[PDB]
Each structure stands twice: as structure tokens, then as C-alpha cells.
Amino acid sequence: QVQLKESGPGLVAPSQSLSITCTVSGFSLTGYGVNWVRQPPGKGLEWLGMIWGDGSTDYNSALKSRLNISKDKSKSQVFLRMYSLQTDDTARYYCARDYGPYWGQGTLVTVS
Amino acid sequence: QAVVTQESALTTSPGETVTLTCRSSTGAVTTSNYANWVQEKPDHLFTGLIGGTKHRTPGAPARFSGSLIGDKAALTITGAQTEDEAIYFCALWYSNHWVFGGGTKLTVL
Ligand SMILES: C[N+](C)(C)CCOP(=O)(O)Oc1ccc([N+](=O)[O-])cc1
């Protein structure tokens, strides 16, 4: 059994930034990809980025500048980061394992 | 830019065979686009159904099956249940990103 888990920070203020952590488990972080998908409250799913099992990471073009996916192999965590927080960023954020899929609970992130 | 299309919603009934279909704006969906199929349950529960255009995710029930049909991909349920009532999502790998469809609302009556 696989298991991912979105351990992020409660609300967040406009202008300030956020940071979320994916604690994967049940497998090696170099053997697959991990994506950060996010869904605005009452809205479509949206990809923000991915981080190859090798370390390469691609980014949703329009959200290039604010992100940063990365991961600590030993800690078994994958980390994601936006900057310049605004209202339309209040969404639930999830990390998905490649080759599955295998989704994470998510974790609502508000923005006040 | 690449827009993915799914049927907004579809109605069925128990024991029936249903087909949801993820298409592309650029052109025919292929094996290159690695079609992913995810089910959204209430309280926001995503569960992987179909992987690699057609690989049953090690968990999805045998009644879920993926494949390409024409210039598009498709998820079919063969003998649907009440509990299959949810919104299904599909993503399309366009080489370096992932594009999500708008979801299909499937009412099981
Ligand atoms: C395009 N890429 C490489 C960036 C992501 C592909 O991952 P996937 O093919 O969607 O997941 C997969 C891959 C393979 C199997 N299988 O049964 O061999 C199933 C699901």
C-alpha cells in the first residue's frame, strides 16, 4: 500500500507565501514522479508542476516564476513553493504519484 | 495551448454499460498522451482508476477499463453501480506538462 500526505500551512496572507510538503511513503522517491495538482474551491483540477524521479522538474508555464518543487530523498518528502500569494490561490493542494495514479488527501489552503 | 474535453454529465442505471470520453483540441489522442482517469468522490476524494491510457490502477474495480476509441480516449464501466456515481477526471500528457479535462458528472439512478 502506497500513501501520500499533504502537510501544508493553514491560512496564508495575501503577499505572503506558502509552502507544502508531501510525505510520500511505501516506495522510493527516485523511481517515480510526483505532481502538484490543485483545485480552486468549486473549480477544475490544475497542474502546477512535476519532479522526475531523477530530479528534473517541469512547471505549469504560466506559474513558472512562483513555483519550486524539490525533494528530500532521505526524508522522503517532496516540497512545493509559490510566492506572491493572492486570492485565487485558495485551493486544495494535492501531490500525485506517477505511474499510479496515487492521490493525496489534499489540504485546503485559504488566503486573509 | 491544449484544451481537453469531456462530457459535462451523463445518466445511467445499475447493470448498464457506460462510456466516458476524453478528447483533444490539438488532435487525436494517442499512447503518447498517456491517458489518466481519476474519480472524484464527495468530501474531495480522488482515487486513481486508469493509468497509462489503459492500465487499471492496482485498486480500481474490475468494472473499470480504459482504451482509445477513435481519436480519443475513453473510460468505460461495464455494469455500473450506485456507488459509481461521482465526477470522473482525465489528464493528457502533452510531453512536458499534464492537462486535465473538465470532468464528467455521472448520475447513477
Ligand atoms: C508520461 N510520463 C512518463 C511523464 C508519465 C507516465 O506515467 P503513466 O504512464 O501515466 O503511469 C503508468 C505507467 C505504466 C503503467 N503500466 O501498467 O506499465 C501504468 C501506469
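Per chain, numbering begins at 1; letters A, B, ... match sequence-line order.
Linking ILVMFWY residues whenever their side-chain heavy atoms come closer than 4.5 Å, directly or via other members, leaves A:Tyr32 and A:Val37 in distinct clusters. Tracing side-chain contacts under 4.5 Å through hydrophobic residues (I, L, V, M, F, W, Y), one never reaches A:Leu67 starting from A:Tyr94; they form parts of separate clusters. The cluster map of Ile, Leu, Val, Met, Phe, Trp and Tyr, joined by side-chain heavy atoms under 4.5 Å apart, puts A:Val24 and A:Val2 in the same cluster.
As a member of the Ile/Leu/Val/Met/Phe/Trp/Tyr network built from side-chain separations under 4.5 Å, B:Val29 groups with B:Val4, B:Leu68, B:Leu92, B:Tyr94, B:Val99.
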All N/O donor-acceptor pairs, side-chain side in residues 43-51 of chain A, below 3.5 Å, sequence neighbours left out:
| residue | atom | partner | partner atom | Å |
| --- | --- | --- | --- | --- |
| A:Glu46 | OE1 | A:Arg38 | NH1 | 3.2 |
| A:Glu46 | OE1 | A:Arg38 | NH2 | 3.4 |
| A:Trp47 | NE1 | A:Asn35 | OD1 | 2.5 |
| A:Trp47 | NE1 | A:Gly49 | O | 3.1 |

Pairs of donor and acceptor atoms involving the side chains of residues 7-19 of chain B, under 3.5 Å and at least two apart or interchain, shall be tabulated with distances.
| residue | atom | partner | partner atom | Å |
| --- | --- | --- | --- | --- |
| B:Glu7 | OE1 | B:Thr21 | N | 3.2 |
| B:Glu7 | OE2 | B:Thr21 | N | 3.4 |
| B:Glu7 | OE2 | B:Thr21 | OG1 | 2.7 |

Solution key, residues 102-112 of chain A side-chain donor-acceptor pairs under 3.5 Å, sequence neighbours excluded:
none

Quick one: side chains of residues 35-55 of chain B, donor-acceptor pairs under 3.5 Å with protein atoms, not counting sequence neighbours, listed by atom name and distance.
| residue | atom | partner | partner atom | Å |
| --- | --- | --- | --- | --- |
| B:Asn36 | ND2 | B:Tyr34 | O | 2.8 |
| B:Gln39 | NE2 | B:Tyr88 | OH | 2.6 |
| B:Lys41 | NZ | B:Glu83 | O | 3.4 |
| B:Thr53 | OG1 | B:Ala35 | N | 3.4 |
| B:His55 | ND1 | B:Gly51 | O | 3.1 |
| B:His55 | ND1 | B:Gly52 | O | 3.0 |

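Distance CZ/B:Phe100 to CD/B:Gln6: 10.5 Å, rounded to 0.5 Å. To the nearest 0.5 Å, the span separating CE on A:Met82 from OG on A:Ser65 amounts to 8.5 Å. Between B:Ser95 atom OG and A:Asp58 atom CG the span is 10.0 Å, to the nearest 0.5 Å. Once rounded to the nearest 0.5 Å, the distance linking CD of A:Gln3 with CD of A:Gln1 reads 6.0 Å.
Here the closest heavy-atom approach between residue A:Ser25 and residue A:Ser76 is recorded as N-OG, 4.4 Å. The two residues B:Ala80 and B:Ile77 have their closest heavy-atom pair at CA-CG2, 4.4 Å. Closest non-hydrogen pair, A:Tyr93 versus A:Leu80, comes out as CD2-CD2, 4.2 Å. The heavy-atom pair separating B:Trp98 from B:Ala91 by the smallest distance is CE3-CB, 3.7 Å. When all heavy atoms are compared, the tightest approach of A:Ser7 to A:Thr23 is OG-OG1, 3.1 Å.
Residues A:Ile69 and A:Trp36 have side chains in contact (heavy-atom distance under 4.5 Å, counting atoms from C-beta outward).
Side-chain contact annotation: A:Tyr99 with A:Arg97, donor-acceptor N/O pair under 3.5 Å absent. Under the 3.5 Å distance criterion, with hydrogens and angles disregarded, a donor-acceptor pair is assigned to the side chains of A:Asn68 and A:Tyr83.
Applying the side-chain hydrogen bond (donor to acceptor under 3.5 Å, both in side chains) test to A:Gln39 and every residue at least two apart in sequence or in another chain returns nothing. Taking the salt bridge (charged side-chain N to carboxylate O under 4.0 Å, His left out) definition, one finds that B:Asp84 meets it with B:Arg63, sequence neighbours left out. With sequence neighbours excluded, no residue forms a salt bridge (charged side-chain N to carboxylate O under 4.0 Å, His left out) with B:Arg56.
Here side-chain hydrogen bond (donor to acceptor under 3.5 Å, both in side chains) pairs that include residues 64-73 of chain B, with residues two or more places apart or in two chains, are B:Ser65-B:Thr76. Among residue pairs with one or both ends in residues 55-112 of chain A, those qualifying as disulfide (SG to SG under 2.5 Å) are A:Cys22-A:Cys95; sequence neighbours excluded. Sorted by first then second residue, the salt bridge (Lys or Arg N to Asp or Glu O under 4.0 Å) pairs that include residues 61-86 of chain A, not counting sequence neighbours, are A:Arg66-A:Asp89. Pairs engaging residues 28-109 of chain B under the disulfide (SG to SG under 2.5 Å) rule: B:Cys22-B:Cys90 [sequence neighbours left out].
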side-chain hydrogen bond (donor to acceptor under 3.5 Å, both in side chains) evaluation trace for A:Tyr59 with A:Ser61: CA-CA 6 Å; A:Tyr59 300 114; A:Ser61 278; over 6 Å; no
CA sep, side-chain torsions, deciding dist, call: A:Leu18, A:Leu85, side chain to side chain contact (heavy atoms under 4.5 Å, CB included): CA-CA 7 Å; A:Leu18 109 104; A:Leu85 288 177; 3.1 Å; yes
Verdict with reasoning, A:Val34 to A:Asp98, per side chain to side chain contact (heavy atoms under 4.5 Å, CB included): CA-CA 6 Å; A:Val34 186; A:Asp98 217 24; over 6 Å; no
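Remark: side-chain polar atoms of B:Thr104 are not paired, donor with acceptor, to backbone N or O of B:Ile87 under 3.5 angstrom. B:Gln81 places a side-chain N or O within 3.5 Å of a backbone atom of B:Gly79 that can act as its donor or acceptor partner.
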